[PDB]
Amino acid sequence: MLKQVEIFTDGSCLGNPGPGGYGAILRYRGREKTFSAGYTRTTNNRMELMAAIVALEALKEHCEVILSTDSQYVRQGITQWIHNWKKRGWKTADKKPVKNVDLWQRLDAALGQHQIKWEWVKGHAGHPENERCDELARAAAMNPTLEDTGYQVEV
């Protein structure tokens, strides 16, 4: 039994911005539950995070989670950039909100009622899933049902 869940994540977004898609699995105790959906026009960043969310967002009890991911947005955001935000209010020193704060403030919910270990894979060609996840994003790309309302094209 996955005696406390391993999560996999990715996200593609076909242009910048163009339609995006999030890839993900949660292998809950043993079984596996997956997550996908298309965004009419979005970005790579907001799809990785997006993903980092959902996964957490549907974990009903107090899990011990291994969120393995590839990202250098979600890594760079965790092991570096957040620590300063909470410290300042999610504002630059310019005292100008940060980009994507909308999804950022979120992942930070879910990432505060669970024990998370980040397994930042280069991986590429590692754990079927890191790739599975990928497929899943390319797949939701090609069929975009929703509208990324957080994605504000500016400021």
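Don't overthink the numbering: it's just position in the shown sequence, from 1.
### Task
Check the entry's C-alpha temperature factors for 61-69 and 89-97, then say which stretch has the higher mean.
Result: 89-97.
### Message
Highest mean C-alpha temperature factor of the two stretches 125-133 and 112-120, which is it?
### Response
Between 125-133 and 112-120, it is 125-133 that shows the higher mean C-alpha B-factor.
### Message
For the CA B factor values reported in this entry, which option in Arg27, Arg41, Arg46, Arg106 has the top one?
### Response
Answer, based on the entry's C-alpha B-factors: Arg27.
### Query
What third of its chain, lowest, middle or highest, does the C-alpha temperature factor of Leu146 fall into?
For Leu146, whose C-alpha B-factor we compare with every modelled residue in the chain, the answer is the lowest third.
### Message
Based on the deposited C-alpha B factors for this chain, I'd like to know if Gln80 is in the lowest, middle or highest third.
### Response
Middle third, going by the recorded CA B-factors of the chain.
### Task
Just say lowest, middle or highest third for the CA B-factor of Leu14 relative to the other modelled residues in its chain.
Tercile = highest for this residue's CA B-factor.
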